[PDB]
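Only one structure is covered here, and it is reproduced in the block below.
There are 2 protein chains.
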Amino acid sequence: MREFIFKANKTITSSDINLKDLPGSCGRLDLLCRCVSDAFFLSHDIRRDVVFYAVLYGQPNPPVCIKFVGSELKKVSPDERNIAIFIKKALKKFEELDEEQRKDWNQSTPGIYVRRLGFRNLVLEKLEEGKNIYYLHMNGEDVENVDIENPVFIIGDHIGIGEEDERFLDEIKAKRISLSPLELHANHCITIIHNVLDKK
Amino acid sequence: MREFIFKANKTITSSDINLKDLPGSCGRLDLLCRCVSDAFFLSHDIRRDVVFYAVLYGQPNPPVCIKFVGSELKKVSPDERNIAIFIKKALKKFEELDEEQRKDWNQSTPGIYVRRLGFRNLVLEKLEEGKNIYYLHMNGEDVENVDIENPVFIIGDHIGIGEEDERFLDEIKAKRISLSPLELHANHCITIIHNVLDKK
Ligand SMILES: CC(O)(O)CC(C)(O)O
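For the record, the sequence lines run as chains B and A. The first sequence: position 55 = 55 (the entry's author numbering), numbered continuously. The second sequence: position 65 = 65 (the entry's author numbering), numbered continuously.
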């Protein structure tokens, strides 16, 4: 399995979404959509061995976690508007639940689940599953050279993970990896990771 | 410089663009937008050494070529909707011109130019300019072994370049290059080639 966690610092946590302004009023929802698209889609299918987690911290009701399960996804297409609509549906589902129910993974559409869950607790749940945590940044060994097994890849947004959560990953001894000499968009990082793994 | 030619077999060639259906009624315009996005944008800036050409073959007025000049682009953002609006403006400009004027590059917005030009003639112009033509194709030589210089990269759409234009590319001895054992989306290929070149 190939798994990803993307921390979306500013992305809207309400279904009151303006599809005509995914970058602005939705808090860079466009970037999240591109990350989902690049995590899953190939020319003639979907990567059935991928799970993608988005942790949304924007207003008005953070945190919200959305889990996308590649082997189960239905009716999702690679374009931003379609993905944004599925994220809107997941937030609408979240809005229909009480806080007790929000403790669970709550299915919205096939392969898409929504839950009250923040970044650090999600990472701990993945460690409990036996996953190895790898995170991007700068100084790390290139992913091509690292022995990768049962991976969860941490991907930051434009502003980034933040100082606070950065040391947490240090403390749990998640492996630093690099992909490029340049600072790339998050979605590009996903594509490069997939390519390295595909070639192995 | 890093240059790309994307052949968009189905993409609309009028300004009658439905932003709510980039994939369908616009003829996979969403893919073209993703290719433009991935060709240019970095976390903090734009790749100023990139030129991207789109050759659009959809109805009602094909072919239309749009040249995007990285070092000149203004007000373009990486999201599909914004890029689609810039493409719509370019096609509107094209609609305002007579056929004599369409022989030229016609500026629409900063860094975006429109012209009546087909795929083979554009590649011939690039050959005359002294460029080397590389055709990104799944069964080419592994990119890591290819000595890339002064490149123009040919990228097909979902359907692909097609037999007629592949015949042409082989005749002019375009170099076939593989990026992955899997058949990827066109935009992913752009990201992979940028990474190869960035690492060099
Ligand atoms: C389109 C065409 O005329 O079929 C091309 C050729 C070379 O003449 O076959």
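Even for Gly, the Cβ is constructed at its ideal location relative to N, Cα and C.
Scanning the stretch 88-162 of chain B from its first residue to its last, the whole alpha helix (DSSP H) runs of 4-plus residues come out as 119-128.
Here B:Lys75 is exposed: its Cβ has fewer than 16 other Cβ atoms, across all protein chains shown, within 10 Å. Positions of the beta strand (DSSP E) runs, each at least 3 residues long and wholly inside the stretch 13-83 of chain B, are given as 50-56, 64-69 in order along the chain.
Bounds of any alpha helix (DSSP H) do not take in A:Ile172, whose DSSP letter is neither H nor E.
The beta-bridge partner set that DSSP reports for A:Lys7 consists of A:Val55, A:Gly156. Contact of A:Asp49 with chain B is not assigned, every C-beta pair being separated by 8 Å or more. Cβ contact annotation for A:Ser25 (same chain, cutoff 6 Å, sequence separation greater than five): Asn18, in chain order. The residues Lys67, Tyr113, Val114, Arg115, in chain order, have a CB closer than 8 Å to that of B:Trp105 in the same chain once the five nearest residues on each side in sequence are set aside. Closer than 8 Å to the CB of B:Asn106 there is not a single CB belonging to chain A. The C-beta distance from B:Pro63 to B:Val55 rounds to 6 Å, short enough to fall under 8 Å. The beta carbon of A:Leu32 sits no closer than 8 Å to any beta carbon of chain B.
A contact between stretches requires three or more CB pairs, one per stretch, nearer than 8 Å, and the stretch 75-84 of chain A fails this requirement with the stretch 115-134 of chain A. Residues of chain B with a Cβ closer than 9 Å to the Cβ of A:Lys199 are, in chain order, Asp142, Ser180, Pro181. Between B:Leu32 and B:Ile161, the alpha-carbon positions lie close to 14 Å from each other. Contacts between A:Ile192 and chain B, judged by CB atoms closer than 8 Å, involve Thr191, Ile192, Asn195 in chain order. Here A:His137 has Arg176 as same chain residues with Cβ atoms under 6 Å from its own Cβ, once five neighbours each way along the sequence are excluded.
Against chain A, the CB of B:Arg176 has no partner CB under 8 Å away; the residue lies outside that interface. With distances taken between CA atoms, B:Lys103 lies nearest to B:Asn121 out of B:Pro110, B:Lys89, B:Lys88, B:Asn121.
For A:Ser77, at least one C-beta of chain B is nearer than 8 Å to its own C-beta. Around the beta-carbon of B:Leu124, fewer than 16 other beta-carbon atoms lie within 10 Å, marking it exposed.
In this chain, the alpha helix (DSSP H) harbouring A:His188 covers 186-199. For A:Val152, same chain residues with a beta-carbon under 8 Å away, outside a window of 5 residues either side, are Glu3, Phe4, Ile5, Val123, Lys126, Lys131, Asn132, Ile133, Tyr134 in chain order.
Beta-bridge analysis with DSSP links B:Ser178 to B:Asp142. Of the candidates B:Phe94, B:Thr11, B:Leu91, the residue whose Cα lies closest to the Cα of B:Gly58 is B:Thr11. With contacts defined as CB atoms closer than 8 Å, B:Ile192 and B:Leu179 qualify as a contacting pair. The contact set of B:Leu22 on chain A, defined by CB atoms closer than 8 Å, consists of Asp79, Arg81 in chain order. Here B:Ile159 is exposed: its Cβ has fewer than 16 other Cβ atoms, across all protein chains shown, within 10 Å. Close CB contacts of B:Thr13 within its chain, under the 6 Å cut and outside five residues either way in sequence, are with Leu56, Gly58, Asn61, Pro62, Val64 (chain order). Beta-bridge annotation (DSSP): A:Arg167 is not paired with any residue. Inter-residue distance for A:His185 and A:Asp157 is about 8 Å (C-alpha atoms, whole angstroms). Of the other Cβ atoms in all chains shown, fewer than 16 fall within 10 Å of the Cβ of A:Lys20; this residue is therefore exposed. When C-alpha distances from B:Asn145 are compared across B:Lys200, B:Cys189, B:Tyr53, the shortest belongs to B:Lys200.
A residue is called buried once 16 or more other Cβ atoms fall within 10 Å of its Cβ, and A:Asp38 is buried on that count.
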